[PDB]
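Here's a solo chain for you in structure tokens, the form deposited in one PDB entry.
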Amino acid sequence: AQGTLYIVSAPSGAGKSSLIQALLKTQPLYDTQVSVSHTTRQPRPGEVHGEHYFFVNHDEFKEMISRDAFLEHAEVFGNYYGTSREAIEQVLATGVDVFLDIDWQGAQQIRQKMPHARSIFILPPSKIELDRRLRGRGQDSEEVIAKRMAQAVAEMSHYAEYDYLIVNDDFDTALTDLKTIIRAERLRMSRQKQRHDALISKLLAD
């Protein structure tokens, strides 16, 4: 019937976006999808329009805030980002789970708006590695990294507001962790009661 919203947040460099992406590779569109956000920030190298993000002017965005197009929006690390209402509501009507790769501010917003949403915070094994991971993928640059690490602390302090916590120490353990959370929620009685309406009905008979 209705699918489930999965908020996922982390200090930049924890590897959250790379986890969510590896997960969807093993997950068909009919079960799981991700929301593509709008944002003012400049496209990094080898980042196409309409896949990772929808890239729009600070002008275009201030007007989306106005036309009320966003389920949530916020300022993080000096730029505007947002999750458009139209897309999300459609996909969720079709029983498909949708992932939101958003910050703590966005998460707080979605939690009032959509109270059945589930949220996962991902932590690094140390701030020393948070910095190392950032430099290690050639996406981002010197100025931008120091900016993000200043807030890395403040980001991580919101961890307790989330339903689930993953320490991404080692990428493959972490991906299993995330796969599991999804798998286990799909074994909850509400959801399994629909998907096996078929079976149950015949079981209870002769």
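Numbers for residues come from their place in the sequence shown, where the first is 1. Take the two forms, superpose them, and find the largest set of C-alpha atoms that agree within 1.5 Å; that set is the rigid core.
Here the subject shifts to the form deposited in another entry, a form of this protein not shown in this document.
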Inset, instruction - State yes or no: after fitting on the rigid core, is the Cα displacement of residue 97 between this form and the one not shown at least 2 Å? - result: no
Legend entry - After fitting the core, residue 127 CA displacement of 2 Å or more between this form and the one not shown: yes
Legend entry - Core-superposed C-alpha of residue 153 shifting 2 Å or more between this form and the one not shown: no
